[PDB]
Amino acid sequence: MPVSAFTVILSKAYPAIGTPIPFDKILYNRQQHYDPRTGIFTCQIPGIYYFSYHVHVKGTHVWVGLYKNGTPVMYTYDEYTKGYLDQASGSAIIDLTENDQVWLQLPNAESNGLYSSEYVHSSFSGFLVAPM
């Protein structure tokens, strides 16, 4: 019965570093547990969730982390070969309680080549696997 899911896309490239990436294009976010203006997902239903993210790389390297309450729980890295775009993904099962927050963020200003556009979709998704 309990349901929570979302898939958001970034319409513009090179988000600011050291802060939640504000994916603004909504593909699905019916329960509104993800906030487009903050780029943060807030848990309302306790349980284990599955998160997945896909980023495109261009201009420079990309180092991105999946954060939980301000702490990085997973890092994904990919290097840019001059003149060629690349794509990198990551995913993880995370146990969440009410008010817990999850988001994506670029920790370092040097590896910030996160690319996205109307035709190249870097995205972020998540959904409740089992209520607990």
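One rule holds for the numbers: they count along the sequence shown, beginning at 1.
Annotation for 114-122 versus 21-29: the higher mean temperature factor (C-alpha) is found in 21-29. Remark: stretch with higher mean C-alpha B factor among 59-67 and 33-41 is 33-41. As recorded in the PDB entry, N99 shows the highest C-alpha B-factor of the residues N99, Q105, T76, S52. In this PDB entry, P72 carries a Cα temperature factor that places it within the middle third of its chain's modelled residues.
Sorting the modelled residues of the chain by their CA temperature factor places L85 in the lowest third.
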